[PDB]
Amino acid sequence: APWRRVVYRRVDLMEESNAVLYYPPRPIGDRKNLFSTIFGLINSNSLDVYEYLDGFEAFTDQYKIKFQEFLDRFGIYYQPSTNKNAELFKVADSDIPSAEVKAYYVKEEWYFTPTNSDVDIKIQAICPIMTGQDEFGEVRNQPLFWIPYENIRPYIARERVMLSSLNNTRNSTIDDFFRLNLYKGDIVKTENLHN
């Protein structure tokens, strides 16, 4: 009787509708983009992120990202932290690949409501995709990790963003952008859920 599916969408930050998640490419003054926010939150032990696996998502302790391994894997320069409670490592903004994350994978869950006869679309998780040259000169698109939407929601609910579709209200947040499905992207995968 219940009718559910999982939909994965590729959200390109170069498109006007999604540009809000990219500006500024590197932090300027008080403003930073979504990736710079995410990176800062992982470094401050405020956000649990999970390994990108090809074919499924597992938000378990086994697949929880080991931040140092992540930094070493993607060649991000770091130094020891002078206060382990504030940050796991000392990482300068210029070494953070916030300008290189030009797309996100967005996992949604579609739920049929019996009484309403309508379908509810709810964001479940997001995955930043980094574009850049590897150590061997190859340009690669690399999904970095999965962020369960519940983990990031308290922080993006406190991040104000201007949206032309919302007539540039100063009350809209990044959480509103995702919850209200204001992002645009193509469906890259679908999975029917079998209860």
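Each residue number is its position in the shown sequence, starting from 1.
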{"item": "Between the two ranges 92-100 and 79-87, the one averaging a larger CA B factor in the entry", "value": "79-87"}
{"item": "Residue range whose averaged C-alpha B-factor is higher in the record, 48-56 or 136-144", "value": "136-144"}
{"item": "Per the PDB entry, maximal CA B factor within 64, 170, 26, 153", "value": "170"}
{"item": "Top residue by Cα temperature factor, when 42, 130, 126, 166 are compared in the entry", "value": "166"}
{"item": "Relative C-alpha B-factor of residue 108, binned into the chain's lowest, middle or highest third", "value": "lowest"}
